[PDB]
Amino acid sequence: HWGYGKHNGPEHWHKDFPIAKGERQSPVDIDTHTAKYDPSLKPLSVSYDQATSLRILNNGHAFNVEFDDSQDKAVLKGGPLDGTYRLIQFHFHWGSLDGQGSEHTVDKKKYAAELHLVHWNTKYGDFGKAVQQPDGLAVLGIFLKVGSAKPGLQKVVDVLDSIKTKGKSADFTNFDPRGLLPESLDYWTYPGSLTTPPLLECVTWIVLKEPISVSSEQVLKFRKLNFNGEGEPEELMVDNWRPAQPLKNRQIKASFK
Ligand SMILES: Cc1ccc(CNS(=O)(=O)c2ccc(S(N)(=O)=O)s2)cc1
Ligand SMILES: [Hg+2]
Ligand SMILES: [Zn+2]
């Protein structure tokens, strides 16, 4: 139904998902001058050493790398979070051009892509229960800028050929998500939502200050994916990002000064 085209894109979402005009919708523009440094913010704790990746799949909206979340294998704690959040999957949002693609923007600046590492609050039992809670999810957002190649991203890039169309999946085990993290863990944080329908306002967003760089050819591979299924007219998977939403009654806190 929904998509990123002119006829079923972001501007149409509200008709099927009224929460699209809610009070804590994402993404937002991060105005660095009005973001408030919070000294009571703890450092993030990212434990991805036991992460067990399983599959990669093109879901017609993006490609996602899924992880085994049956136990506390790869978890996020600390920062503005209270509780353990399990890594379930990560995906990207990218543009048709290098100057667009990220969902969040910094001082109106757009990056070439944006990585979202999706985690759910374990106190809720399963992902489905987590999406019914205001503190159910924690998404780690990482900006991608074009520059030198990111070694840890190449494994992902090499498998894109086998999942070109919607519904295709491939085994993708033993992938280490630690190779996708910047050197610094400083971040901005604010309460928001999922950026694609159902747009549930259950997310504590943690956006890293430091972006990772990827080569021109790495992000180029992203753009060769298809939104369509095999046998259907080809539509390149590009610009699968949602425009910034009004911040409203929310303040962005920074873990750094
Ligand atoms: C019951 C149910 C609810 C929601 C989903 C969405 N699927 S999902 O949670 O993985 C995401 C959609 C958008 C994401 S973003 N771009 O904000 O990180 S994460 C599936 C199933
Ligand atoms: Hg919620
Ligand atoms: Zn996303």
# chains A, B, ... in the order shown; residues from 1 in each chain; ligands from 1

call {"tool": "residues_around", "arguments": {"residues": "segment 109-115 of chain A", "least_positions_apart": "3", "cutoff": "10 Å", "atoms": "only C-alpha atoms", "output": "number ranges by chain"}}
result
A: 29-31, 90-106, 118, 139-146, 180-181, 207, 211-214, 216, 219, 222, 239-241

call {"tool": "write_last_selection", "arguments": {"atoms": "C-alpha atoms", "output": "PDB file, in the first residue's frame"}}
result
ATOM      1  CA  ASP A  29      15.783  18.218  12.324  1.00  0.00           C
ATOM      2  CA  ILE A  30      18.401  18.392  15.042  1.00  0.00           C
ATOM      3  CA  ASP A  31      19.101  22.082  15.677  1.00  0.00           C
ATOM      4  CA  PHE A  90      19.112  -2.908  11.115  1.00  0.00           C
ATOM      5  CA  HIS A  91      18.284  -1.262   7.802  1.00  0.00           C
ATOM      6  CA  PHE A  92      19.194   1.826   5.851  1.00  0.00           C
ATOM      7  CA  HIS A  93      17.455   4.736   4.224  1.00  0.00           C
ATOM      8  CA  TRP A  94      19.273   6.277   1.273  1.00  0.00           C
ATOM      9  CA  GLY A  95      18.840   8.737  -1.552  1.00  0.00           C
ATOM     10  CA  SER A  96      19.060   8.833  -5.322  1.00  0.00           C
ATOM     11  CA  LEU A  97      21.804  11.461  -4.941  1.00  0.00           C
ATOM     12  CA  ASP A  98      24.619  11.870  -2.367  1.00  0.00           C
ATOM     13  CA  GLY A  99      23.105  15.043  -0.942  1.00  0.00           C
ATOM     14  CA  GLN A 100      19.974  13.335   0.377  1.00  0.00           C
ATOM     15  CA  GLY A 101      19.006  10.062   1.994  1.00  0.00           C
ATOM     16  CA  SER A 102      19.162  10.488   5.755  1.00  0.00           C
ATOM     17  CA  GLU A 103      15.879  10.979   7.567  1.00  0.00           C
ATOM     18  CA  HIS A 104      17.199  13.024  10.471  1.00  0.00           C
ATOM     19  CA  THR A 105      19.082  16.152   9.485  1.00  0.00           C
ATOM     20  CA  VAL A 106      21.553  18.220  11.485  1.00  0.00           C
ATOM     21  CA  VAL A 118      16.362  -1.353  15.897  1.00  0.00           C
ATOM     22  CA  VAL A 139      16.685   3.000  17.567  1.00  0.00           C
ATOM     23  CA  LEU A 140      20.354   3.872  17.124  1.00  0.00           C
ATOM     24  CA  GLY A 141      20.665   6.236  14.181  1.00  0.00           C
ATOM     25  CA  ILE A 142      23.973   6.602  12.398  1.00  0.00           C
ATOM     26  CA  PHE A 143      24.585   8.973   9.516  1.00  0.00           C
ATOM     27  CA  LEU A 144      26.551   7.869   6.468  1.00  0.00           C
ATOM     28  CA  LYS A 145      28.657  10.366   4.554  1.00  0.00           C
ATOM     29  CA  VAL A 146      30.356   9.597   1.236  1.00  0.00           C
ATOM     30  CA  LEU A 180      29.277  -0.161  11.479  1.00  0.00           C
ATOM     31  CA  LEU A 181      29.870   2.049  14.544  1.00  0.00           C
ATOM     32  CA  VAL A 207      21.326   9.712  17.035  1.00  0.00           C
ATOM     33  CA  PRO A 211      28.882   9.810  11.072  1.00  0.00           C
ATOM     34  CA  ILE A 212      30.602   6.880   9.357  1.00  0.00           C
ATOM     35  CA  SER A 213      31.900   7.293   5.814  1.00  0.00           C
ATOM     36  CA  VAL A 214      31.161   4.912   2.957  1.00  0.00           C
ATOM     37  CA  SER A 216      30.663   6.207  -3.622  1.00  0.00           C
ATOM     38  CA  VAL A 219      26.208   3.452  -1.643  1.00  0.00           C
ATOM     39  CA  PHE A 222      22.228   0.357  -2.591  1.00  0.00           C
ATOM     40  CA  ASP A 239      14.829   7.864  -1.683  1.00  0.00           C
ATOM     41  CA  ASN A 240      13.174   5.549   0.821  1.00  0.00           C
ATOM     42  CA  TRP A 241      13.256   8.302   3.469  1.00  0.00           C
TER      43      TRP A 241
END

call {"tool": "residues_near_ligand", "arguments": {"ligand": "ligand 1", "cutoff": "8 Å", "atoms": "only C-alpha atoms and all ligand atoms", "output": "ChimeraX atom specification"}}
result
/A:26,88-93,116-118,127-128,131,139,193-200,203

call {"tool": "atom_distance", "arguments": {"atom1": "atom CA of residue 191 of chain A", "atom2": "atom CA of residue 121 of chain A"}}
result
14.4 Å

call {"tool": "closest_atom_pairs", "arguments": {"of": "segment 108-219 of chain A", "to": "segment 54-73 of chain A", "cutoff": "12 Å", "atoms": "only C-alpha atoms", "output": "Markdown table"}}
result
| residue | atom | partner | partner_atom | distance |
| --- | --- | --- | --- | --- |
| A:113 | CA | A:62 | CA | 11.9 |
| A:114 | CA | A:62 | CA | 11.7 |
| A:115 | CA | A:64 | CA | 10.4 |
| A:116 | CA | A:64 | CA | 9.8 |
| A:117 | CA | A:65 | CA | 9.6 |
| A:118 | CA | A:66 | CA | 9.8 |
| A:119 | CA | A:69 | CA | 9.4 |
| A:120 | CA | A:69 | CA | 9.4 |
| A:121 | CA | A:72 | CA | 10.8 |
| A:122 | CA | A:72 | CA | 8.5 |
| A:123 | CA | A:72 | CA | 11.6 |
| A:125 | CA | A:70 | CA | 10.0 |
| A:126 | CA | A:70 | CA | 8.9 |
| A:127 | CA | A:69 | CA | 9.4 |
| A:153 | CA | A:65 | CA | 11.9 |
| A:155 | CA | A:56 | CA | 11.2 |
| A:156 | CA | A:56 | CA | 8.5 |
| A:157 | CA | A:63 | CA | 10.8 |
| A:158 | CA | A:56 | CA | 11.6 |
| A:159 | CA | A:56 | CA | 8.4 |
| A:160 | CA | A:63 | CA | 8.6 |
| A:161 | CA | A:58 | CA | 10.8 |
| A:162 | CA | A:57 | CA | 9.2 |
| A:163 | CA | A:58 | CA | 5.8 |
| A:164 | CA | A:58 | CA | 7.1 |
| A:165 | CA | A:58 | CA | 6.4 |
| A:166 | CA | A:60 | CA | 4.5 |
| A:167 | CA | A:59 | CA | 5.6 |
| A:168 | CA | A:58 | CA | 5.7 |
| A:169 | CA | A:57 | CA | 4.0 |
| A:170 | CA | A:56 | CA | 5.4 |
| A:171 | CA | A:55 | CA | 4.5 |
| A:172 | CA | A:55 | CA | 4.4 |
| A:173 | CA | A:54 | CA | 4.7 |
| A:174 | CA | A:54 | CA | 7.7 |
| A:175 | CA | A:54 | CA | 8.4 |
| A:176 | CA | A:67 | CA | 10.5 |
| A:177 | CA | A:65 | CA | 9.8 |
| A:195 | CA | A:61 | CA | 11.7 |
| A:196 | CA | A:61 | CA | 9.1 |
| A:197 | CA | A:61 | CA | 10.8 |

call {"tool": "closest_residue", "arguments": {"among": "A:249, A:215, A:47, A:25", "to": "ligand 2", "atoms": "only C-alpha atoms and all ligand atoms"}}
result
A:25

call {"tool": "residues_near_ligand", "arguments": {"ligand": "ligand 2", "cutoff": "6 Å", "atoms": "only C-alpha atoms and all ligand atoms", "output": "JSON, numbers by chain"}}
result
{"A": [131, 132, 133, 134, 200, 201, 202]}

call {"tool": "atom_distance", "arguments": {"atom1": "atom CA of residue 254 of chain A", "atom2": "atom CA of residue 129 of chain A"}}
result
28.9 Å

call {"tool": "closest_residue", "arguments": {"among": "A:206, A:124, A:179, A:82", "to": "residue 150 of chain A", "atoms": "only C-alpha atoms"}}
result
A:179

call {"tool": "closest_residue", "arguments": {"among": "A:217, A:84, A:205, A:227", "to": "ligand 3", "atoms": "only C-alpha atoms and all ligand atoms"}}
result
A:205

call {"tool": "closest_residue", "arguments": {"among": "A:242, A:15, A:248, A:257", "to": "ligand 3", "atoms": "only C-alpha atoms and all ligand atoms"}}
result
A:242

call {"tool": "residues_around", "arguments": {"residues": "residue 210 of chain A", "least_positions_apart": "4", "cutoff": "9 Å", "atoms": "only C-alpha atoms", "output": "list in words"}}
result
residues 142, 143, 182, 183, 184, 185, 186 and 187 of chain A

call {"tool": "write_last_selection", "arguments": {"atoms": "N, CA and C atoms", "output": "mmCIF file, in the first residue's frame"}}
result
data_model
loop_
_atom_site.group_PDB
_atom_site.id
_atom_site.type_symbol
_atom_site.label_atom_id
_atom_site.label_comp_id
_atom_site.auth_asym_id
_atom_site.auth_seq_id
_atom_site.Cartn_x
_atom_site.Cartn_y
_atom_site.Cartn_z
ATOM 1 N N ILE A 142 22.613 6.273 12.769
ATOM 2 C CA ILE A 142 23.973 6.602 12.398
ATOM 3 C C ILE A 142 23.954 7.159 10.991
ATOM 4 N N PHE A 143 24.529 8.337 10.822
ATOM 5 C CA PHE A 143 24.585 8.973 9.516
ATOM 6 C C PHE A 143 25.735 8.417 8.676
ATOM 7 N N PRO A 182 30.690 4.367 14.676
ATOM 8 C CA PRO A 182 31.716 5.405 14.566
ATOM 9 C C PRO A 182 32.661 5.230 15.760
ATOM 10 N N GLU A 183 33.736 6.016 15.822
ATOM 11 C CA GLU A 183 34.683 5.886 16.932
ATOM 12 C C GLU A 183 34.090 6.396 18.246
ATOM 13 N N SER A 184 33.349 7.496 18.168
ATOM 14 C CA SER A 184 32.724 8.119 19.331
ATOM 15 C C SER A 184 31.254 7.750 19.469
ATOM 16 N N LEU A 185 30.798 7.654 20.713
ATOM 17 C CA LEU A 185 29.414 7.313 20.996
ATOM 18 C C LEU A 185 28.582 8.499 21.508
ATOM 19 N N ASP A 186 29.075 9.727 21.312
ATOM 20 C CA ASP A 186 28.317 10.908 21.729
ATOM 21 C C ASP A 186 27.026 10.907 20.914
ATOM 22 N N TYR A 187 25.941 11.390 21.508
ATOM 23 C CA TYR A 187 24.660 11.370 20.821
ATOM 24 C C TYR A 187 23.677 12.464 21.214
#

call {"tool": "select_by_dssp", "arguments": {"residues": "segment 41-132 of chain A", "states": "helix (DSSP H, G or I)", "output": "short mmCIF file (atom, residue, chain, number, x, y, z; two decimals) with N, CA and C atoms, in the first residue's frame"}}
result
data_model
loop_
_atom_site.label_atom_id
_atom_site.label_comp_id
_atom_site.auth_asym_id
_atom_site.auth_seq_id
_atom_site.Cartn_x
_atom_site.Cartn_y
_atom_site.Cartn_z
N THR A 122 13.35 -5.37 26.48
CA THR A 122 13.12 -6.74 26.93
C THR A 122 12.09 -6.92 28.04
N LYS A 123 11.84 -5.88 28.83
CA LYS A 123 10.85 -6.03 29.89
C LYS A 123 9.46 -6.30 29.32
N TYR A 124 9.30 -6.09 28.01
CA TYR A 124 8.02 -6.32 27.37
C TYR A 124 7.81 -7.69 26.74
N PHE A 127 8.88 -8.33 20.64
CA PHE A 127 8.79 -7.12 19.83
C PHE A 127 7.37 -6.60 19.71
N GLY A 128 6.42 -7.51 19.50
CA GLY A 128 5.02 -7.14 19.36
C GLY A 128 4.45 -6.41 20.56
N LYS A 129 4.87 -6.78 21.76
CA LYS A 129 4.39 -6.12 22.95
C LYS A 129 5.09 -4.76 23.09
N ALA A 130 6.36 -4.72 22.70
CA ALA A 130 7.16 -3.49 22.78
C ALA A 130 6.56 -2.35 21.96
#

call {"tool": "atom_distance", "arguments": {"atom1": "atom CA of residue 208 of chain A", "atom2": "atom CA of residue 52 of chain A"}}
result
23.1 Å

call {"tool": "residues_around", "arguments": {"residues": "residue 247 of chain A", "least_positions_apart": "3", "cutoff": "9 Å", "atoms": "only C-alpha atoms", "output": "PyMOL selection string"}}
result
chain A and resi 23-29+244+250-252

call {"tool": "closest_residue", "arguments": {"among": "A:21, A:224, A:12, A:77", "to": "residue 45 of chain A", "atoms": "only C-alpha atoms"}}
result
A:77

call {"tool": "residues_around", "arguments": {"residues": "residue 41 of chain A", "least_positions_apart": "2", "cutoff": "10 Å", "atoms": "only C-alpha atoms", "output": "PyMOL selection string"}}
result
chain A and resi 37-39+43-44+78-81+187+189+253-256
